[PDB]
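If you read the protein sequences in the order shown, they are chains A, B and C. Residues in the first sequence are numbered from 1 upward in steps of one, following PDB author numbering. Residues in the second sequence are numbered from 204 upward in steps of one, following PDB author numbering. Residues in the third sequence are numbered from 152 upward in steps of one, following PDB author numbering. This report refers to the structure that appears directly beneath it.
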Amino acid sequence: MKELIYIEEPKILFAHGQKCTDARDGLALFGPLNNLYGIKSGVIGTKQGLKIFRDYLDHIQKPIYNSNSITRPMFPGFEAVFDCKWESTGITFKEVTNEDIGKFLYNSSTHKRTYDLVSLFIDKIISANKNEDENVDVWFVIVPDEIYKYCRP
Amino acid sequence: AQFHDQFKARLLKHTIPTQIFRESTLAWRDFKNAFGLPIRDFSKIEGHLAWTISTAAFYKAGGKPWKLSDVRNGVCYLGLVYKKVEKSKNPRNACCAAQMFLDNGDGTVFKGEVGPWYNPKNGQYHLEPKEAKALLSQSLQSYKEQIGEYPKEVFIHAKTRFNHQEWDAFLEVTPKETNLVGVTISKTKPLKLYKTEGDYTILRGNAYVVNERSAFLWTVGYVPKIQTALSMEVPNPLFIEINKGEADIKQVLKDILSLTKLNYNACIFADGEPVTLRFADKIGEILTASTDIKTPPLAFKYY
Amino acid sequence: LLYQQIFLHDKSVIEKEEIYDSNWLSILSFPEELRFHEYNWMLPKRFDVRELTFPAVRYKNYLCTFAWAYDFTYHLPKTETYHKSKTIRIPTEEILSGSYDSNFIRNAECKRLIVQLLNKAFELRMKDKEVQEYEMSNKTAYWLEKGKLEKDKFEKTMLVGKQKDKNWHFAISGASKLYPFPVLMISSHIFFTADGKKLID
RNA sequence: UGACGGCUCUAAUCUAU
DNA sequence: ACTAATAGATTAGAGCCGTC
């Protein structure tokens, strides 16, 4: 009827007890709550899986201006924001060539090709976690656009 | 064919954090259409964009971008979404997928339940009394072990109206100290209100309490700082209604809005749905790709 | 933004009274009582409440409608021998207040057939008016022909618009719900046409 | 499946002729 | 016996679309 109550916005915690309602604005200046000293990352994908990630791996700690800062706040970089480092070091590029992805891509049965492209990628990650020593933290599976646009539900 | 759900269904035994990235979304400039323009205008939003793929990579590596400081002690924000299992032979049963929020801001998750006495393919989306004591006690015990006592109350968020055939079985396992309140979140209700002057939608956080039990909270709308609403047209306010139990509907609006800023996969001002169920169905669709996983109450750094 | 508003992030919200108009349509008046006519053989037992001129619904051995028994003399000219005292009359205010609880029909159930008599009522109106319709997947939109209205606009606002060769028409799909109170669930939709007179299939 | 929207287009169910 | 019943008011789903 002729009434409309406005409820209050809660505030989220930040580094050393800072309370800013927004997330991006409160994190581009005050930093994350918890500190981790580095990101150990790996890239698995086609030949362009590295290079496209490589061009983007160093492109995130480098600042990029936004078209409108009021709507989209500035970001100075991964290091300046997340009090951590995210660069190309310790990466284990698994060579899933387009020929091996292709012998599994061009499969008549949809249920087989979704299972085959899963098994071909899942085993190569657990092996690196089982028959290897490199302590991985986040795995960046660079799936080619030709896969998720075709191998889609 | 959604192998991304199959991606993280077979990795739950080993618990490997993963991030499915795309050439199209990482080489947007390289990818153009046949008319000489990029298929997805991408870097003009290069703010939250780099935030999301970094704060998630921060989260998938164990980082904690933020927390919650306006939460009571002894309160659990249970949110469960029933997911169809059509990946299997029949959808005659539907698995559920719940999660829990603590006073410490550590949003966890756990596998829900299966519908045993599920009436036909898509019943009223409700767990049976025989297994009603399973999910709640597991959630209560999960809170009990890390706090020492059962919570003062649990808020069971859902998109489905609860029925008495499962709440009666809830009671004998809930201690009397737990205010077993059930809040149903239903976006399907077509409420809509405008602004007479101006081409801007109404402010996020506006609410209209209809009666002592139900309410309509605008978790999505116009914003006080970003000056642009998190939507195009006027959205449907989320219909909050206390299905069972006694509680203050005004105090409930604290919780629904609070579980919209924290989304540990994105950097947006707010979420249009409570993440107590937006995160809850983020594990149901993955866990329905394969049914050969016995998974513990995992975290979100794997899904 | 000057170091993000000097690293403050002000609320930037003002507290002034703002009047907001919703998309609903409120209720003002309704018939004092709805009638549950008992036709039995009067109404053909094989065909039930699907063809009457006025909105009518069937429940148990009875026909429920907001009109009277003698109001269906055209499509069913057999109703001239019916004796009117077998018709069941129930005031509306008793159902809404929850005091209506009879073994014949329940309260929450009774609130379901009245909206049927409502939600199906409006489609009979724009048929008489100069408004055409399109059948949506889940509802029935109602649009206005291109050029049927004068000077392409009504009340100096657009009703038919031009999008390249195709045209769009603003169409509403109202519904009747009684959750907060009797309301008309008028929703704002839009549908297109190939050239303003033929729809895009 | 960056991630957030929003409805469209389909489908299914219980409560009563 | 149910044979189906047309509707309330609900539910998860896949779709493309924009993402000042």
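Even for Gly, the Cβ is constructed at its ideal location relative to N, Cα and C.
{"Query": "Burial state of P499(B) (16 or more Cβ within 10 Å)", "Result": "exposed"}
{"Query": "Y403(B) vs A361(B) beta-carbon contact at 8 Å", "Result": "no"}
{"Query": "CB of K267(B) within 8 Å of CB of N34(A), strictly", "Result": "yes"}
{"Query": "For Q302(B), the three-state DSSP class (helix, strand or coil)", "Result": "strand"}
{"Query": "Interface partners of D83(A) on chain C, CB under 7 Å", "Result": "The contacting residues do not exist; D83(A) stays about 16 Å from chain C at best."}
{"Query": "Whole beta strand (DSSP E) elements within the region 216-303 of chain B, 3-residue minimum", "Result": "221-225, 284-287 and 297-303"}
{"Query": "Contact list for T399(B) against chain C, beta-carbon separation under 7 Å", "Result": "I170 and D172"}
{"Query": "Sub-8 Å separation of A301(B) and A483(B) beta-carbons", "Result": "yes"}
{"Query": "Option in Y221(C), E183(C) and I241(C) with minimal Cα separation from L194(C)", "Result": "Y221(C)"}
{"Query": "8 Å Cβ cutoff met for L383(B) and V357(B)", "Result": "yes"}
{"Query": "Reduced DSSP category for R364(B) - H, G, I as helix; E, B as strand; rest coil", "Result": "coil"}
{"Query": "Contact set between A28(A) and chain C, taken where Cβ atoms lie within less than 9 Å", "Result": "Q155"}
{"Query": "C-alpha gap between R481(B) and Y106(A), whole angstroms", "Result": "35 Å"}
{"Query": "Secondary structure, beta strand (DSSP E): runs of 3+ residues fully inside the region 342-388 of chain B", "Result": "356-361"}
{"Query": "Of the listed residues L335(C), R197(C), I178(C) and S339(C), nearest to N270(C) (C-alpha basis)", "Result": "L335(C)"}
{"Query": "Beta-carbon proximity list for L343(B), same chain, < 6 Å, skipping 5 on both sides", "Result": "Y353"}
{"Query": "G385(B), buried or exposed, once every other Cβ within 10 Å from all chains shown has been counted against 16", "Result": "buried"}
{"Query": "Closer than 7 Å at the beta carbon, the chain C residues around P393(B)", "Result": "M336 and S338"}
{"Query": "Contact between the region 464-472 of chain B and the region 273-282 of chain B (3+ Cβ pairs under 8 Å)", "Result": "no"}
{"Query": "Beta-carbon contacts of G312(C) that lie in its chain and below 7 Å, excluding the five residues immediately before and after", "Result": "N318 and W319"}
{"Query": "Residues that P331(C) contacts on chain B, provided the C-beta gap is smaller than 7 Å", "Result": "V413"}
{"Query": "Neighbourhood of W139(A) by C-beta, 7 Å cutoff - its chain only, sequence neighbours within 5 removed", "Result": "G42, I44 and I125"}
{"Query": "Per-residue contacts from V266(C) into chain B (C-beta, under 8 Å)", "Result": "Within chain B, no residue comes near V266(C); the closest Cβ sits about 14 Å away, beyond 8 Å."}
{"Query": "Residues from the region 6-26 of chain A in contact with chain B, defined by Cβ distance under 8 Å", "Result": "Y6, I7, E8, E9, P10, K11, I12, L13, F14, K19, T21, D22, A23, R24, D25 and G26"}
{"Query": "For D208(B) and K62(A), the rounded distance between their alpha carbons", "Result": "33 Å"}
{"Query": "Residues within the region 37-70 of chain A neighbouring chain C, beta-carbon criterion of under 8 Å", "Result": "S69 and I70"}
{"Query": "CB contact check: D100(A) to chain B, cutoff 8 Å", "Result": "no"}
{"Query": "Per-residue burial, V118(A) [other beta carbons within 10 Å of its own, 16 or more giving buried]", "Result": "buried"}
{"Query": "Which of helix, strand or coil DSSP assigns to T114(A)", "Result": "helix"}
{"Query": "Contact set between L120(A) and chain C, taken where Cβ atoms lie within less than 9 Å", "Result": "What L120(A) touches in chain C: nothing, since even the nearest Cβ is about 40 Å away."}
{"Query": "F342(C): first and last residue of the uninterrupted beta strand (DSSP E) it sits in", "Result": "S339 to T344"}
{"Query": "Distance, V284(B) Cα to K235(C) Cα", "Result": "52 Å"}
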